[PDB]
Structure formats: structure tokens, C-alpha cells
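Novice: Residue numbers for the sequence shown, in PDB author numbering: 16 to 223. Just passing along the structure, written as C-alpha cells.
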Amino acid sequence: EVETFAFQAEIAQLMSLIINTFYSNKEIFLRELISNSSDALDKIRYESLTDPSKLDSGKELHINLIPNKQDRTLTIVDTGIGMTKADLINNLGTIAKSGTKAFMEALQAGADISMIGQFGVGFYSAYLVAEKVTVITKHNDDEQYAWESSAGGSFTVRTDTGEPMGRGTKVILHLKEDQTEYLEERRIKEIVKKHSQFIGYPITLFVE
Ligand SMILES: CCCCn1c(Cc2ccc3c(c2)OCO3)nc2c(N)nc(F)nc21
């Protein structure tokens, strides 16, 4: 059974802004998702220093980027702390609300979209290149869950009966028809070299 939630109005407004505004530098969506993955891996690495059983769901700390041109998808896979249902439904919405006012306020005054990360809300950049995102995530104290959003001001959560994932988050970007460049290898590599070269954890770019 699928549950359907409305986004806070502010969120739904920022998703509309990112989907409507004309801005060509779409490629920063990647370094936002990787930086998010980086923060998540850093959390589980810290938590584990005082409670070693934390990495029973998996010791390896890495990011994968996985492009599939048959599915039209780019997947940003991490083995970080993951996300609870509470996070999905309630708390990321709660954290983001302040983030969105600030960003929005900075944008007249002439800051830009590439600066979204500075405000705690770069997840939403995905919607620069993805017509839907699906997020698969598993945190230790909790089940694995599938959140999905085509914007539209609603998002779903379900329990995921899919391939169990141990601990972490998969960001499945279902790309817009004209965004397929983000499935080439030479594309993904340049962007990672440019904006993500110093991430303290291995990033393996899969080929097809
Ligand atoms: C806002 C920072 C925390 C949430 N978060 C984010 C940003 C984010 C914000 C809002 C989101 C979302 C993801 O999926 C659904 O809605 N990425 C994460 C990740 N890879 N791993 C963990 F452990 N947490 C993540």
C-alpha cells in the first residue's frame, strides 16, 4: 500500500522554480547529490566510532554512479546512514523550510541556482534533469522505503519489497528526454572531475 503526501507549500514552490527557470548550468545537480552522499557517509562513519555494531549492515563506505540508457536512469548509490520514514514524511520538510526561504530570498539580489547547496536544499536540483526521482533508502533502526516524486506538489512513500540494500540511499534520476547526456561516461567523468574531485570516499562510475 502506497501513501500520498503533499509537500509543504514552500517546497512545492522551490520545485516549481527549479523546473521553470531558464538556466543552462544543469550539470551541478550531480555534485549536490554526491555532496549529500558525502555528508551521509561521514555520519555513519562518526556514529560508528562509539558503537561498532552500526556497520553490521555493511562496512564499505563508497558512492557508485550507475547509468542505464535502456532505463533512462542515473543512479547515485551510497552506503551512508540512510533515511527513516520520519525523515521522508516529516523531518526533511521541516529542515528544508528555512533553506527555501533563504534561497528564494537570495535569488532576487541576483544569486543563482548553482548556489542552492549553500542553503541545505540541493537535493531538489535533481529536478533540473529528472522528470521523476525515486529514492530507495534503508537506515538501521528501520525498514527500507521507496519515496518517489514527479513534483506536482505530492510525493509517495511505500515500503520497498525490492533488492534489500543493507544500509544507504539510492537516488534514481529518471531523466528528462533531452537530459540524456547525463548517461554518457565521458559526461559523468568531466562533471565529477570538475565539481566533485575531492570527495573523501571512493566514487565508482559504472559503465554500460
Ligand atoms: C537534508 C539532508 C539529509 C537528507 N539526505 C539527502 C537530501 C534529501 C533531501 C530531501 C529528500 C531526499 C534527500 O529524498 C527525499 O527527499 N540525501 C541523503 C542521503 N544520500 N543519505 C542520508 F542518510 N540522508 C540524505
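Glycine residues also receive a C-beta, built at the ideal position from the N, C-alpha and C atoms.
In or out: residue 255 buried (at least 16 other Cβ within 10 Å) or exposed?
Specialist: In the structure as shown, the chain starts at 16 and stops at 223, and residue 255 therefore has no counterpart that could be examined.
Novice: Give me, in chain order, the residues of the same chain whose beta-carbon lies closer than 6 Å to that of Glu-200; leave out the 5 immediate sequence neighbours on both sides.
Specialist: Counting only Cβ-Cβ distances below 6 Å, and skipping sequence neighbours, we find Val-222.
Novice: Which ranges does the beta strand (DSSP E) cover as unbroken runs of at least 3 residues, wholly within the stretch 56-134, from first to last along the chain?
Specialist: Listed in chain order, they are 78-83, 88-93.
Novice: Which of the three DSSP states is assigned to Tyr-216 in this structure?
Specialist: It is coil, neither helix nor strand.
Novice: Which residue wins for smallest C-alpha separation from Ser-52, given the options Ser-68, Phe-22, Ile-91, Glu-25?
Specialist: Checking every option, the nearest Cα to that of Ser-52 belongs to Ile-91.
Novice: Sort out for me which residues DSSP pairs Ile-187 with in a bridge.
Specialist: DSSP output for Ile-187 lists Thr-90, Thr-149 as bridge partner(s).
Novice: Going by C-alpha distance, which of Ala-141, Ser-211, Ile-187 is nearest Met-30?
Specialist: That would be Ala-141, whose Cα lies nearest to the Cα of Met-30.
Novice: Any heavy atom of ligand 1 within a distance shorter than 8 Å of the CB on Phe-134?
Specialist: No - ligand 1 has no heavy atom lying nearer than 8 Å to the Cβ of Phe-134.
Novice: Please determine, among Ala-126, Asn-155, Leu-143, the residue with the shortest C-alpha to C-alpha distance to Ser-39.
Specialist: Comparing Cα positions, the closest option is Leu-143.
Novice: Given a threshold of 16 other Cβ atoms within 10 Å of its Cβ, counted over all protein chains shown, does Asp-102 qualify as buried or as exposed?
Specialist: So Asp-102 ends up on the buried side.
Novice: Does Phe-138 pass the burial test, meaning 16 or more other C-beta atoms within 10 Å, or should it be called exposed?
Specialist: Classification for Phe-138: buried.
Novice: When you measure from the CB of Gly-183 to every non-hydrogen atom of ligand 1, does any distance come out below 8 Å?
Specialist: Result yes, Cβ under 8 Å from ligand 1.
Novice: Give a yes or no on contact between the stretch 153-160 and the stretch 170-184, applying the rule of three or more CB pairs nearer than 8 Å.
Specialist: With a cut-off of 8 Å, the stretch 170-184 and the stretch 153-160 count as touching, because enough Cβ pairs lie within range.
Novice: Can you list, in chain order, the residues of its chain whose CB lies under 8 Å from that of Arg-60, leaving out five sequence neighbours each side?
Specialist: Result list for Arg-60: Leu-76, in chain order.
Novice: Examine the Cβ distances between the stretch 200-220 and the stretch 43-51 and report whether three or more of them are shorter than 8 Å.
Specialist: With a cut-off of 8 Å, the stretch 43-51 and the stretch 200-220 count as touching, because enough Cβ pairs lie within range.
Novice: May I have the straight-line CA-CA distance separating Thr-195 from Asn-35, to the nearest angstrom?
Specialist: If you take the alpha carbons of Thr-195 and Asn-35, they lie about 19 Å apart.
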